[PDB]
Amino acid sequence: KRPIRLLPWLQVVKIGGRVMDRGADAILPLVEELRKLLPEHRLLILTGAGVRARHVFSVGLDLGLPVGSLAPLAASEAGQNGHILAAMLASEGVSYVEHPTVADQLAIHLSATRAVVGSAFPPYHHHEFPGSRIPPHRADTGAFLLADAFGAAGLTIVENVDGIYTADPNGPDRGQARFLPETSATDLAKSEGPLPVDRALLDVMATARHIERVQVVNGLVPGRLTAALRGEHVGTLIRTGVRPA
């Protein structure tokens, strides 16, 4: 049999670092939406890194540093985003928790309070895989690895775009970018262009044991996170290839 689910009642929500980068104009509505979700779900909220990780990559690459040096440097920015988001939710009982706490004590922390925030980057650190000079196991990937290891009820990825397009919808070829309401990880894995999700996310989807679908939704549009957490189709659904037992 597949491994048991550890926290089958958990919803995991990954907030993109580039959503946090928009500052109060994006963060305040998201925080209000999260506040209203606290009574409805048991939430692990994980933040990504965004633009400051690009800057530390710029410096680190100029200094010649290898990919295992760059991985924790980027992860730091995701942790800072998590501290910012948790501070905005502190009055509702929400705090940031560290990676060892997420890995070993999430059950008691979600018994103490309704949601906690953590960094979405996984602790690959100096043992990041070689090949690319850019750390491959980033925030989408970390959040999915946790959600699937826990056997969570879902993972929802909160982006600054409506979902996945056939080309970067903010890029040079944005004229030909068509929106994809639904896709499979295997179909995505064979495309070559950019995505709003880590390519390593598709890899960990292939070996997944529980999470059957992951929805990417626009966090800049109030109500889409709420709808996604109820299963409503409001962004791009990614089918992982996992089937029910």
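All residue numbers refer to positions in the sequence shown, first residue = 1.
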Between 165-173 and 72-80, which has the higher average C-alpha B-factor in the PDB entry?
165-173
Between 177-185 and 24-32, name whichever shows the higher mean Cα B factor according to the PDB entry.
177-185
Between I211, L38, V204, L44, which one tops the list for C-alpha B-factor in the PDB entry?
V204
Would you check the entry's CA temperature factor for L229 and let me know if it's in the chain's lowest, middle or highest third?
lowest
Chain-relative CA temperature factor third for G48
lowest
Going by the entry, which third of its chain does the Cα temperature factor of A245 land in?
highest
Assigned third (lowest, middle, highest) for the C-alpha B factor of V13:
lowest
Lowest, middle or highest third of the chain for the C-alpha temperature factor of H109?
lowest
